[PDB]
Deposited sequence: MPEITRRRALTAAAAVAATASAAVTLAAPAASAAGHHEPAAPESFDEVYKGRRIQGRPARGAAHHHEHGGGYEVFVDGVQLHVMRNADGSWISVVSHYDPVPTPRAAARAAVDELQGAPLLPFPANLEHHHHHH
């Protein structure tokens, strides 16, 4: 069962998530995320640091980006 979708503005940036297995977007640009066997998540901007949820991964990405747009 995939996580619920989400949509919020985090640190001035819009982050969204939705089941597909799951997609995340930072200001309309998709952020590649991956789920681990134990259910945690990682993203392309934080690939060796598991976080509990897709929203956690999205927020971590925004933190790491420091305002920079995702490619």
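(request) Any chance you could give me the deposited-sequence numbering of all the stretches lacking C-alphas? (result) Those stretches are 1 to 39, 60 to 70, 122 to 134, listed in order.
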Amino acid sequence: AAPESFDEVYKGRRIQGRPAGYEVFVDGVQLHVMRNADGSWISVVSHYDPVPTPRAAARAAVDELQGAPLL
From here on, numbers count along this sequence of modelled residues.
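(message) If you average the CA temperature factors as listed in the entry, which stretch comes out higher, 7 to 15 or 53 to 61?
(response) Comparing averages over the C-alpha atoms only gives 7 to 15.
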